[PDB]
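Here the structure comes first, spelled out in structure tokens, and everything after it is commentary.
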Amino acid sequence: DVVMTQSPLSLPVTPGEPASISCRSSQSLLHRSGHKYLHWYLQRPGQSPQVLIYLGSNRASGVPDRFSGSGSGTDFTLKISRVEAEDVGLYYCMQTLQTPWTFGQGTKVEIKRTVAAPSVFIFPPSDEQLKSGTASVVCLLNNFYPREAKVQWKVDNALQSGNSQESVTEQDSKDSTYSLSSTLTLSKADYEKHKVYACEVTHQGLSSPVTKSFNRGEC
Amino acid sequence: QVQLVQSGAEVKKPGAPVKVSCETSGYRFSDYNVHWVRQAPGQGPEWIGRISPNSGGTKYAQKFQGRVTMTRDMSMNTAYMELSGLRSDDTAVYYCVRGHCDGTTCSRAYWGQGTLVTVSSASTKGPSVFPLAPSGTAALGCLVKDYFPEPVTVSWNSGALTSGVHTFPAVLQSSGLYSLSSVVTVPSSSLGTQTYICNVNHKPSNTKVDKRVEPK
């Protein structure tokens, strides 16, 4: 079997700067052909992975000449001569010298932009949801960087722990920010028992945490 | 043009089998191996096996020996992958792949679009869609709650509104059902004048909803 060793796992790069991803094979991937059986892909959730480079150094049609591949035998590189914001994503090398086909761990290219503080919004449960008997309170952190953020929920100043779920978008392909949604779940009965609903946000761009809140049922 | 198109998303209970098809056109089917690869959440890709069309010969990775059967029908230029005894960690996107070489020359691979197989005790259910109402710049959105399985698609104003939209990854609630939000930021000056509608489609339950979101 062939082990494929990819590095680095995370590649933060300033837009405009070059980038290089390494891939090492446990045995040479050359001449049963002419070719080196090493290929590079970009993961694309929802469809086929995009072939970038195939057979070592052949750039697929449509791929910008900013991308190139090289290597011989056991050590390969995928190079981006000038990284653009749209290049964010997850990149894999893989070998087909032998079956089973085997894959590198993957490299997440991240764009390093200036710090951007989140814009915070809070949404009460809709009257429609309340009529159905449930209550979801949603806190939105919009267009921030870097990704690290803490969201703390408070209900009449009681710290909520374990009652919320959050998820985060992939890095935006144009402005390189993230957005995050946190949902606090309560029974309608419990929602009606309380007044002050508060989302407290900690982020590098905020000197001190920001709290967005609302009082239940007040226009 | 070389084309490989797979059958649609599948949802199965643990213990059941699944059979995925890979229909091809635009090339000599007998000249290339067809490989199958999957990728599970939080995991790297995995090669499952391959079939050689001209001989029918199969080769499977050790992990799938005795679990997987690959077949093909030459008259239909189609390959199949059947995976039996499904478990929760068989939840993955499955791909068919035309091999690189035709026994004389080599070039790029061609991939199918993928087939999501969800393995779960849960039963298919449509989402409820709730507005996330606004009231300079305002945020609004839709909460798409308690559906199974993935995925749902969300657009805004039938695709006319894309700038500033964020549709978040679904979270799997403790009740085995998914929930997600989709939001957009808009000018407050437009609230009550410009209509904002989130178009939600959950094909597994054949649920399509156009929800207007209005300020409170």
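Which whole-Hz couplings ³J(HN,Hα) result when phi for each residue of region B:137-148 is put into the Karplus expression 6.51 cos²θ - 1.76 cosθ + 1.60, θ = phi - 60°, listed in order with x for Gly and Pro?
10, 10, 9, 9, x, 9, 9, 9, 10, 6, 10, 7
How charged is the neighbourhood of residue A:89? Take every other residue with its Cβ under 13 Å from the Cβ of residue A:89, and add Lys/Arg as +1 and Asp/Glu as -1.
Residues near residue A:89 contribute -4 overall.
What 222 nm value per residue comes from the helices of the protein assembly as shown, counting each DSSP H run with n ≥ 4 as -39,500 (n - 2.57) and dividing by all residues, nearest 500 deg cm²/dmol?
-500 deg cm²/dmol
Loop only by DSSP, 12 or fewer other Cβ within 10 Å of the Cβ. Give me the trypsin sites (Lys or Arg not before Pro) in region B:1-88 that pass, ordered by residue number.
B:28, B:87
Compare A:176, A:25, A:187 in a GNM of chain A, Cα atoms joined below 10 Å, and give the one with the largest fluctuation.
Answer for the Gaussian network model of chain A: A:187.
Counting other beta carbons within 10 Å of each Cβ, put B:162, B:118 in order, fewest first.
Final ranking by Cβ density, sparse to dense: B:162, B:118.
Per residue of region A:143-155, what does 6.51 cos²θ - 1.76 cosθ + 1.60 with θ = phi - 60° give for ³J(HN,Hα)? Whole Hz please, x for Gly and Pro, Karplus curve as stated.
6, 10, 7, x, 5, 4, 8, 10, 10, 10, 9, 10, 10
Please identify the trypsin sites (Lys or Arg not before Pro) of region A:135-170 that satisfy two criteria: DSSP loop assignment and at most 12 other Cβ atoms within 10 Å. Which are they?
Passing sites in region A:135-170 do not exist.
Calculate I(q)/I(0) for region B:1-101 by the Debye formula, one identical point scatterer on each C-alpha and no solvent, and give its log10 at q = 0.18, 0.22, 0.23 Å⁻¹ to two decimals.
Once normalised to I(0) and log-transformed, intensities are -0.83, -1.20, -1.30.
Beyond 22 Å between alpha-carbons counts as too far, so tell me which of A:36/A:79; A:212/B:216; A:174/B:211; A:108/A:212 fall in that bin.
Going by Cα-Cα distance, A:174/B:211; A:108/A:212 fall outside the 22 Å limit.
Where both residues lie in chain A, what percent of DSSP beta bridges are antiparallel, nearest 5?
95 percent
Hey, what do the phi angles of region A:23-34 turn into as Karplus ³J(HN,Hα) couplings, whole Hz, using 6.51/-1.76/1.60 and θ = phi - 60°, x for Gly and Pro?
9, 10, 9, 6, 8, 4, 9, 9, 2, 10, 4, x
How large is the dipole of chain B about the Cα centre if only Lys and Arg carry +1 and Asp and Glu carry -1, each at its Cβ, rounded to the nearest 20 debye?
200 debye
Once the dipole of region B:131-216 is set up with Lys and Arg at +1 and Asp and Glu at -1 on Cβ about the Cα centre, which of B:134, B:194, B:149 lies farthest towards its positive end?
With unit charges placed on the Cβ atoms, the residue in question is B:194.
Write out the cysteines belonging to the protein assembly as shown for which the nearest other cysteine Cβ is not under 4.7 Å, or none if no such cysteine exists.
A:219
Hey, fewest Cβ within 10 Å first, where do A:4, B:81, B:76 land in order?
B:76, A:4, B:81
Please give me, ordered by residue number, the GluC sites (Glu not before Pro) of region A:111-215 that lie in loop per DSSP and have at most 16 other Cβ atoms within 10 Å.
In loop regions of region A:111-215 (DSSP not H, G, I, E or B), the sparsely surrounded GluC sites (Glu not before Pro) are A:148, A:170.
Fewest first, what order do A:139, B:101, A:93 take by the number of other Cβ atoms within 10 Å?
B:101, A:139, A:93
Just so you know, all these numbers are worked out from the coordinates, no wet-lab data involved. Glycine gets a Cβ as well: all are built from the backbone with ideal geometry, and neighbour counts include every protein chain shown.
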